[PDB]
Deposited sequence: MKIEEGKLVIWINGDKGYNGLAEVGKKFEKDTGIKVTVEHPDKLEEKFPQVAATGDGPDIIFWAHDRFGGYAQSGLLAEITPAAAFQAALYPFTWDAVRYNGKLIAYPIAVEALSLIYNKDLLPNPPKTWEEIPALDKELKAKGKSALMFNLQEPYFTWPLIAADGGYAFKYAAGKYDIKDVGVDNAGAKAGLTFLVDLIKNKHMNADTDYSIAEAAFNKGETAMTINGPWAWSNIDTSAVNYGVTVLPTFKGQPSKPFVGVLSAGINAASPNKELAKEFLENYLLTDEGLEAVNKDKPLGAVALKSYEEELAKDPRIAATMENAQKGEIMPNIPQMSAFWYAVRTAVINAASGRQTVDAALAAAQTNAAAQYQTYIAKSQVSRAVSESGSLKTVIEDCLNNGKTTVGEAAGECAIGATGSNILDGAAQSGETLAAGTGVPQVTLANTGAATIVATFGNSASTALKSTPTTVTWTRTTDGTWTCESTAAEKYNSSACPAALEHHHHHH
């Protein structure tokens, strides 16, 4: 249970958590409020499960696109910043932390794709997609290709697909016309052999960092690898398409306040008047760079770095990453259509009209149940090898310490507190050392997993070996837990 009087913070391990902790040691100096910054593994998965019972951190830092799901579950507190504070952040960043017209988190950092180019190969990088074919032919006559970037993930081609507004098509005849024009141009690049349909993230990054291609498309997370390489690189605005800017998806690292937290007034003070200052954001940016930031005053000091300036410019011309869970199936279909077109599996027309989202969800939920139940194996080994063969909360019994999961049905066996609509895997032990861990799908599991009785079961043999068996369809299973 969250302890009143103190702030606990969760932030990913690739962020400046030591720098944030320095912001926080200052907070305890001007209060009596200790602060602790933790960077737990898989914190974005743990948070909804801990917060459901009133546990977890007071503040969580993560990309805004996850916070729509937390907000839908009522796990984030609505924040009410005064106008004086809101005017200190770029207006579009507040849009990323809105859910049902309510502010749900504080924007911190802003990321988007940019055009990265090798200054030695290409001192005059193109301002338009249209001129890339001719430049590719010229560079190849000089021993290099024009452009390599990840074509397997539509996130990377989206800036071109979303560029054309399609307003001109209306006058020649918003819907899908602009996306058709962008996709058709992408498909033509590939058929004319200016790009390969099989180019993925690893191939493109290796090519650019080895100096084999003049341009790539990537975000700030990729810069340090190019820094290590020999490449004299620059970062600039994405090229235009049909005279209109590329529109990349925008990710906004945001700080939400746990709705079960009893220190909401304490967290509001720390985030607004300490972290989101020029001083607070520098203490984190000194540790590990945030890229572009939502704070106007600090972002103006970072824009001297052309890489950071280009990131914010592309972000301001793009669109905020979708965060509405009710729209997830729509966007999964959009992703599927883009891959089918780019890969040449379908025409542009047929792709935008034709891999089930249910399969992705069912596989993910099965894998989650396998991992959730499997995480109890080491606990059970500790019990069995210390002679404890009864599950329970009393002394001398095996206390499972399970965490409730909203895709499972199963009451706690060792005194754990579960929220409604959650369950834990069910543990049985025997004096022989045999054991089972049975996770039964229920509550908010997919109908794909609830339409018949369906389980994932870890079985311990008396030699101490474990195996996993699923009664879900093999279509939704993995090698870790096959069907019988």
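- Of the deposited sequence, positions 1, 175-183, 365-370, 501-508 lack any modelled C-alpha atom.
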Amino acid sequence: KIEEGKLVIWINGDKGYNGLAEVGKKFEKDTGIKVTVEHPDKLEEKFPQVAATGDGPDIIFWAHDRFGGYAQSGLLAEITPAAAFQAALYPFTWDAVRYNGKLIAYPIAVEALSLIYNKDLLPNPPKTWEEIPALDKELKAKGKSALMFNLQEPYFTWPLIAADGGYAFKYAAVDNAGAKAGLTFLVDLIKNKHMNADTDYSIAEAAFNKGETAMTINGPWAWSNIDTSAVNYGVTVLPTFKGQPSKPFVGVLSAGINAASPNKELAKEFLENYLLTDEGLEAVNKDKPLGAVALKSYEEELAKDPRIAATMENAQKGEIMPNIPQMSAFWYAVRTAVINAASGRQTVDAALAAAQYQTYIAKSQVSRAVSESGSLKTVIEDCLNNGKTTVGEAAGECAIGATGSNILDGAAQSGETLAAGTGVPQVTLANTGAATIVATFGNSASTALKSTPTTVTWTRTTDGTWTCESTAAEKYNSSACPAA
From here on, numbers count along this sequence of modelled residues.
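- For the pair 238-246 and 345-353, the mean Cα B-factor is higher in 345-353.
- Just going by the entry, 332-340 versus 222-230 on mean CA temperature factor gives the higher value to 222-230.
- Comparing the C-alpha B-factors of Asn285, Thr199, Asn192, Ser364 in the entry, the top value falls on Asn285.
- You'll see in the entry that, of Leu384, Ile400, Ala146, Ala303, the Cα B factor peaks at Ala303.
- Among the modelled residues of its chain, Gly396 has a C-alpha B-factor that falls in the highest third according to the deposited record.
- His64 sits in the lowest third of its chain by CA B factor, as recorded in the PDB entry.
- When the modelled residues of the chain are ordered by C-alpha B-factor, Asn314 sits in the lowest third.
- Ranked by C-alpha B-factor against the other modelled residues of its chain, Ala445 falls in the lowest third.
- In this PDB entry, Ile33 carries a Cα temperature factor that places it within the highest third of its chain's modelled residues.
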